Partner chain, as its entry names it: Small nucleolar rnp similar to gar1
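Starting off, we have a lone chain in the form deposited without its partner chain, written out as structure tokens.
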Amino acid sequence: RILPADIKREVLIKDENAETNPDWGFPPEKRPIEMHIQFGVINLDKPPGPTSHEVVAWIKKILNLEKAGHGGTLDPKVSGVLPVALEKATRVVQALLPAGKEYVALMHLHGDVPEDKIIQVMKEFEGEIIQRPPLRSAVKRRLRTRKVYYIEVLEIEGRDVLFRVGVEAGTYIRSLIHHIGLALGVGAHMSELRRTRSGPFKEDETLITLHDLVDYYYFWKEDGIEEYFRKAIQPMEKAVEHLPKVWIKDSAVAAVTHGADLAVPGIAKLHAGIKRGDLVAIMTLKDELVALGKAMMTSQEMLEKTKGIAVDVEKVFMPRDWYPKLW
């Protein structure tokens, strides 16, 4: 059931007295709709048929967007969770692409095998696997190792095996089913695949179909009803829910957006358990995504110290004029 991105995180307080000025910045649900889109992500339920790239080309043209990027590419026949980051939020996909995924798969066995055996053998595939990317591949076809975090068999009906699988980014599911078939001797192929999760993007109420997406867009554009399309688009902050965070004081925000590295005296709060080199999200006290960065200290060091660079600022999402240049 568990991906690495599921870990419990304790929020620790550095400066209890830090307050945020309501005149500064735009917390997610306070963004006018147009700004909301500018900094938005769609939790798309990809239909079977088109490629992932086509689906985004349609989204851009129908929603009148200059740019949008999707996370891990789903195959033409595969449905399910496809995060689509829009416009100024496009670069957050980088927090997603490397995160863990979950699939529901239907495997067809080429020969009869007792149900007990199937479960036995599939259980043995949890852990590391070695694979080479297939011919139909966007990536170098060289040997590599990847984690299967879990396999759960849901149902067996004769030669059909329905299962959930949690995997590291870049794990090829056809290949995995082929090797399960060989371990069983009888052989197997994949007949159906659906992505049920990518990092923080799951099958919940935020998951939206193309139909609902374009329909809600038209309810907004042509009927003047903002509500539905508003819920169709998630704040870019969602794409960062699985990441360790550090929350910063109002007086550090503009500096960080100008490419200042984050020093310890700018920190108001942080998650427990941050290690050096870890990817972190830098947040305002209003829970706005400021920037992505790399930890230079551990959680306890940031907490214990009064000076020094806490986080190397590498990707800045928040515009420079949302907070005043307080330095």
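Positions refer to the first chain, counted from 1.
Here the subject shifts to the form solved in complex with its partner chain, a form of this protein not shown in this document.
Checking 188, 255, 243, 96 for any heavy atom within 4.5 Å of its partner chain in the bound PDB entry turns up a single hit: 188. The contact residue chosen from 167, 82, 151, 184 relative to its partner chain in the bound PDB entry is 184, the criterion being a non-hydrogen atom within 4.5 angstroms. Each of 124, 128 and 136 is positioned with at least one heavy atom within 4.5 Å of its partner chain in the bound PDB entry. In the bound PDB entry, none of the heavy atoms of residue 114 sits within 4.5 Å of a heavy atom of its partner chain. Residue contact with its partner chain in the bound PDB entry: residue 179 places a heavy atom within 4.5 Å of it. In the bound PDB entry, its partner chain lies farther than 4.5 Å from every heavy atom of residue 91.
By the criterion of a heavy atom within 4.5 Å, residue 230 is excluded from the residues contacting its partner chain in the bound PDB entry. Exactly one of the stretches 245 to 253, 82 to 90, 105 to 113, 232 to 240 approaches its partner chain in the bound PDB entry with heavy atoms within 4.5 Å, and it is 105 to 113.
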